[PDB]
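Input: a single structure, listed below in structure tokens.
A short reminder: the numbers here are calculations on the coordinates, not readings from a lab. Positions of Cβ are generated from backbone atoms using ideal geometry, with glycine treated the same way; all protein chains shown enter the neighbour counts.
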Amino acid sequence: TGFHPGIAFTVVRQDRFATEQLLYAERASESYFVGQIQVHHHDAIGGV
Amino acid sequence: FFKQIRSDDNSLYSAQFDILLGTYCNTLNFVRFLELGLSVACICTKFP
């Protein structure tokens, strides 16, 4: 009806934006160990 | 277009075809009326 029942609210909403980051990394900031390739086969739809 | 070959690639090894194994026509026997024996009853004369 357009009546103010003597009480107010605080609206809280959250949005989501698409950005583009800018990454920077120092040399030799990562020790990285590589194992060995292993292969496995298992049937599927009309194909091995 | 069709991408749905997700390296499943079946029906890519179809080799069915259709062949024409030859044909056969014939000739017409050009009969000479005079070399019959019926012609012994008529006398043939040309008149241009």
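Within the set of pairs 6 or more residues apart or between chains, which connect a residue that is of a type outside the set (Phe, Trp, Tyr) inside region A:7-24 to a residue that is in a loop (DSSP other than H, G, I, E, B) with Cβ atoms less than 9 Å apart?
none
Yes or no: region A:6-28 includes at least one residue that is away from every other protein chain (no Cβ under 14 Å), among the aliphatic types (A, V, I, L, M), over 24 Å from the mean Cα position of the chain (by Cα) and within 30 Å of B:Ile5 (Cβ to Cβ).
no
Determine whether A:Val34 is more than 14 Å from chain B (Cβ to nearest Cβ) and either surrounded by 10 or more Cβ atoms within 10 Å (Cβ to Cβ) or under 30 Å from B:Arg6 (Cα atoms) (or both).
Yes; evaluated as a whole, the condition is true for this residue.
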